[PDB]
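Structure first, then comments.
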Amino acid sequence: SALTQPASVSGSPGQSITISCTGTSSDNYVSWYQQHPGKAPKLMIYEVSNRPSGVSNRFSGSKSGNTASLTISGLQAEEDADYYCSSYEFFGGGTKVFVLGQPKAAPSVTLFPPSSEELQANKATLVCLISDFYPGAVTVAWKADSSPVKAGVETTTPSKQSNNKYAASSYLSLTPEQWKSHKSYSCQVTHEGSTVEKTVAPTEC
Amino acid sequence: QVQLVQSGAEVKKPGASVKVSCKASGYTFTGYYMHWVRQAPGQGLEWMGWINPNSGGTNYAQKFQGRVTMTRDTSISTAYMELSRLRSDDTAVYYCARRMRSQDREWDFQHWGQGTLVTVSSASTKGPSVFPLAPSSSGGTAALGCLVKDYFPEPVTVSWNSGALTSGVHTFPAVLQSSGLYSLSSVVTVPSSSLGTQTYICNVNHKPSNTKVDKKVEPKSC
Amino acid sequence: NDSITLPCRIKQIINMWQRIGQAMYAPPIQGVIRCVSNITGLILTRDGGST
Ligand SMILES: *[C@@H]1O[C@H](CO)[C@@H](O[C@@H]2O[C@H](CO)[C@@H](O[C@@H]3O[C@H](CO)[C@@H](O)[C@H](O)[C@@H]3O)[C@H](O)[C@H]2NC(C)=O)[C@H](O)[C@H]1NC(C)=O
């Protein structure tokens, strides 16, 4: 992972976008790959600027010093994919290119407590459901009750819904002795910088 | 018309071995090296090593030095990738790549295979422990669901009221755990004025375990 | 003076220069064979990896 790539780069339909690939040291020839989810990578740019057949002329590459850059003009709806820069045997961490607006909507979060029948057994699971958000970029954080917890948390990568929006679902495994201890908890769903929080309390009636 | 065809999906035990096929077509098999790159689910590409079909000489990466054995069969034009002593992180899609016809050098993977998926078990067939998600008191229109907890393997079909209730049903994809079991949750948004006179049941079906369960979602006390 | 011994195996049906289709049979060399050579070069190869 000697080649540093940005984790996320955003863009709007029509305008141009740029993916920078900064590799430590490395003094000549660089390559670029595009991998859609579920498919194999595809060579888009080889030897800094040369382009194979028959990838569109909208993709172009450049390099200056220890920084190579991939430029994509005229973004479409099929262009968004994972992008990797290659140098000899090494690969970058990957860059996910987004081509979303976004049309307005923050994530509608619904949080559920462990069932009473689940507490009859020696288990306790929290169900934090995240619905119709856009774009698909959500970081979920759990507090106990305000101290952040990252132990036993299973977060879902956003999946596309039927209305072309995204959905997620985070879980936090607990024990009945841990469940009836603290007074409250949190599933802070951070989307587009804004955090949508839903309160949960083990004060069951 | 360079064609690269790999083997099917594999499921192996930790410490066992798996051999991945890669049959080439449309060119001279003994004139180009064959690379192997894997990718963990949700991660980046990782080069493992190239093999020269001519003499058979390979070049395994230092990370897999002593675990992977790459062989080839010139008669059928098929390269092989065998990984011994599988660890938990070896679950990945394994591709076989080939250099470009042009530029007289390697490291420009133009042609790729469809990939072979290896899984780490770990988990065995286990029935789901479904738990209800009671609604709270939108007004109005409450939200209730069910928690399909600890099951293996995929998939499970979740319907509401045995198909009579379809809107607004939203069954979320499952999440993978360290024990190998899966867990998801389906939620339906229904009017709260119907709570007390309407019935809402989630139909969880786990065919690999032959377990059909239906959970009732009563409005919680008070 | 504490020299290194290298086990060697001998064939008679050889396939040199990638020749797929033609194999040569070396007739048996009668007697005992001894040759002394000067090793003057090597052909090495790195292993690479994420080191
Ligand atoms: C590298 O160079 C050396 C030295 O030039 C080669 O050694 C040569 O080996 C042959 C085969 O044994 C010798 O021929 C022999 O002659 C005697 C007569 O004295 C005969 O009894 C044997 O049956 C054989 O025909 C040859 O004399 C010897 N070179 C010299 C200068 O004496 C060696 O073969 C070369 N190649 C390699 C791969 O090392």
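Every chain in the structure tokens takes a letter, A first, then B, and so on in the order presented; its residues are numbered from 1, and the ligands are numbered from 1 following the presented order.
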Dump as CSV the rows for residues of chain C within 8 Å of chain A: closest atom pair and distance in Å with one decimal, only C-alpha atoms counted, ordered by chain and rising residue number.
```
residue,atom,partner,partner_atom,distance
C:48,CA,A:89,CA,7.7
C:49,CA,A:89,CA,7.2
C:50,CA,A:90,CA,7.1
```
Using only C-alpha atoms and all ligand atoms, which protein or nucleic acid residues are at most 10 Å from ligand 1, as a list in words?
residues 29, 30, 31, 32, 33, 34, 35, 36, 37, 38 and 39 of chain C
Convert the current residue selection to file output with N, CA, C and O atoms, as a PDB file, in the first residue's frame.
```pdb
ATOM      1  N   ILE C  29      26.955 -42.456 -22.539  1.00  0.00           N
ATOM      2  CA  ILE C  29      28.380 -42.153 -22.611  1.00  0.00           C
ATOM      3  C   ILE C  29      29.139 -43.244 -21.869  1.00  0.00           C
ATOM      4  O   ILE C  29      28.974 -43.413 -20.656  1.00  0.00           O
ATOM      5  N   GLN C  30      29.972 -43.983 -22.592  1.00  0.00           N
ATOM      6  CA  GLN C  30      30.655 -45.132 -22.016  1.00  0.00           C
ATOM      7  C   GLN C  30      31.856 -44.680 -21.195  1.00  0.00           C
ATOM      8  O   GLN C  30      32.693 -43.908 -21.675  1.00  0.00           O
ATOM      9  N   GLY C  31      31.936 -45.155 -19.959  1.00  0.00           N
ATOM     10  CA  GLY C  31      33.035 -44.840 -19.071  1.00  0.00           C
ATOM     11  C   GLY C  31      32.611 -43.974 -17.902  1.00  0.00           C
ATOM     12  O   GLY C  31      31.428 -43.824 -17.587  1.00  0.00           O
ATOM     13  N   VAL C  32      33.613 -43.398 -17.239  1.00  0.00           N
ATOM     14  CA  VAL C  32      33.405 -42.487 -16.119  1.00  0.00           C
ATOM     15  C   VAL C  32      33.652 -41.065 -16.601  1.00  0.00           C
ATOM     16  O   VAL C  32      34.613 -40.803 -17.337  1.00  0.00           O
ATOM     17  N   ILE C  33      32.786 -40.143 -16.185  1.00  0.00           N
ATOM     18  CA  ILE C  33      32.776 -38.772 -16.683  1.00  0.00           C
ATOM     19  C   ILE C  33      33.263 -37.838 -15.584  1.00  0.00           C
ATOM     20  O   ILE C  33      32.842 -37.956 -14.427  1.00  0.00           O
ATOM     21  N   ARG C  34      34.147 -36.908 -15.949  1.00  0.00           N
ATOM     22  CA  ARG C  34      34.611 -35.871 -15.034  1.00  0.00           C
ATOM     23  C   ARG C  34      34.951 -34.616 -15.827  1.00  0.00           C
ATOM     24  O   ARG C  34      35.762 -34.671 -16.755  1.00  0.00           O
ATOM     25  N   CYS C  35      34.333 -33.493 -15.457  1.00  0.00           N
ATOM     26  CA  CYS C  35      34.612 -32.202 -16.073  1.00  0.00           C
ATOM     27  C   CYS C  35      34.723 -31.139 -14.988  1.00  0.00           C
ATOM     28  O   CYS C  35      33.991 -31.174 -13.995  1.00  0.00           O
ATOM     29  N   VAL C  36      35.640 -30.196 -15.187  1.00  0.00           N
ATOM     30  CA  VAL C  36      35.890 -29.111 -14.243  1.00  0.00           C
ATOM     31  C   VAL C  36      35.580 -27.797 -14.945  1.00  0.00           C
ATOM     32  O   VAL C  36      36.191 -27.477 -15.972  1.00  0.00           O
ATOM     33  N   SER C  37      34.646 -27.032 -14.384  1.00  0.00           N
ATOM     34  CA  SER C  37      34.146 -25.819 -15.011  1.00  0.00           C
ATOM     35  C   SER C  37      34.473 -24.593 -14.166  1.00  0.00           C
ATOM     36  O   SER C  37      34.797 -24.693 -12.979  1.00  0.00           O
ATOM     37  N   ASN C  38      34.389 -23.427 -14.809  1.00  0.00           N
ATOM     38  CA  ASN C  38      34.497 -22.125 -14.157  1.00  0.00           C
ATOM     39  C   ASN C  38      33.109 -21.502 -14.123  1.00  0.00           C
ATOM     40  O   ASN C  38      32.611 -21.044 -15.157  1.00  0.00           O
ATOM     41  N   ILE C  39      32.487 -21.466 -12.951  1.00  0.00           N
ATOM     42  CA  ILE C  39      31.240 -20.723 -12.804  1.00  0.00           C
ATOM     43  C   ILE C  39      31.577 -19.238 -12.744  1.00  0.00           C
ATOM     44  O   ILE C  39      32.259 -18.779 -11.821  1.00  0.00           O
TER      45      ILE C  39
END
```
When you get a sec, could you note down which chain B residues fall within 6 Å of chain A, using only C-alpha atoms, as JSON, numbers by chain?
{"B": [44, 107, 110, 131, 132, 133, 221]}
Could you give me, as a Markdown table, every chain C residue with an atom at most 12 Å from chain B, plus its closest atom pair and distance in Å to one decimal, counting only C-alpha atoms, rows ordered by chain then number?
```
| residue | atom | partner | partner_atom | distance |
| --- | --- | --- | --- | --- |
| C:15 | CA | B:55 | CA | 10.5 |
| C:16 | CA | B:55 | CA | 10.0 |
| C:17 | CA | B:54 | CA | 9.5 |
| C:18 | CA | B:54 | CA | 6.6 |
| C:19 | CA | B:54 | CA | 9.9 |
| C:20 | CA | B:74 | CA | 9.7 |
| C:21 | CA | B:75 | CA | 11.7 |
| C:44 | CA | B:59 | CA | 11.7 |
| C:45 | CA | B:59 | CA | 8.3 |
| C:46 | CA | B:59 | CA | 7.9 |
| C:47 | CA | B:59 | CA | 5.7 |
| C:48 | CA | B:61 | CA | 5.5 |
| C:49 | CA | B:61 | CA | 4.2 |
| C:50 | CA | B:63 | CA | 6.9 |
| C:51 | CA | B:62 | CA | 7.1 |
```
What's the 10 Å shell around range 96-101 of chain B, counting only C-alpha atoms, without same-chain residues fewer than 4 positions away, as a ChimeraX atom specification?
/A:40-41,43,46,52 /B:2,4-6,20-24,27,32-38,47-50,79-81,105-116
Can I get the selection written as a short mmCIF file (atom, residue, chain, number, x, y, z; two decimals), in the first residue's frame, with C-alpha atoms?
```cif
data_model
loop_
_atom_site.label_atom_id
_atom_site.label_comp_id
_atom_site.auth_asym_id
_atom_site.auth_seq_id
_atom_site.Cartn_x
_atom_site.Cartn_y
_atom_site.Cartn_z
CA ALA A 40 -13.07 -7.83 -12.44
CA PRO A 41 -10.79 -4.79 -12.73
CA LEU A 43 -7.20 -1.46 -17.40
CA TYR A 46 -1.24 2.39 -18.82
CA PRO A 52 -5.76 1.00 -24.38
CA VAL B 2 -8.53 -13.47 -25.05
CA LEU B 4 -9.82 -16.47 -19.18
CA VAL B 5 -12.10 -18.97 -17.42
CA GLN B 6 -11.61 -19.78 -13.74
CA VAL B 20 -8.10 -22.42 -8.33
CA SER B 21 -8.22 -23.12 -12.06
CA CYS B 22 -7.66 -20.59 -14.85
CA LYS B 23 -8.10 -21.82 -18.43
CA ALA B 24 -6.91 -19.46 -21.17
CA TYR B 27 -3.70 -16.79 -27.73
CA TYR B 32 2.89 -14.78 -21.56
CA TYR B 33 3.19 -14.97 -17.79
CA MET B 34 0.12 -15.57 -15.64
CA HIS B 35 -0.50 -13.45 -12.54
CA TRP B 36 -2.81 -13.98 -9.57
CA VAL B 37 -4.52 -11.14 -7.70
CA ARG B 38 -7.03 -11.56 -4.87
CA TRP B 47 -0.83 -9.28 -6.13
CA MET B 48 0.14 -12.82 -5.13
CA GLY B 49 2.60 -13.97 -7.81
CA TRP B 50 3.22 -14.69 -11.49
CA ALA B 79 -2.76 -22.34 -14.86
CA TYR B 80 -3.44 -23.38 -11.27
CA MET B 81 -3.23 -21.57 -7.94
CA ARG B 105 6.76 -5.95 -20.65
CA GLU B 106 4.55 -7.08 -17.78
CA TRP B 107 2.58 -5.16 -15.09
CA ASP B 108 -0.26 -4.01 -17.42
CA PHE B 109 -3.11 -6.42 -16.64
CA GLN B 110 -5.50 -5.92 -19.56
CA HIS B 111 -7.23 -9.33 -19.40
CA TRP B 112 -8.84 -10.68 -16.23
CA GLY B 113 -10.86 -13.72 -15.20
CA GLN B 114 -14.30 -13.80 -13.61
CA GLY B 115 -12.83 -14.60 -10.20
CA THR B 116 -13.17 -17.46 -7.72
#
```
Give me, please, the distance in Å between CA of residue 105 in chain A and CA of residue 80 in chain A, quoted to one decimal.
20.6 Å
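CA of residue 188 in chain A sits 10.4 Å away from CA of residue 146 in chain A.
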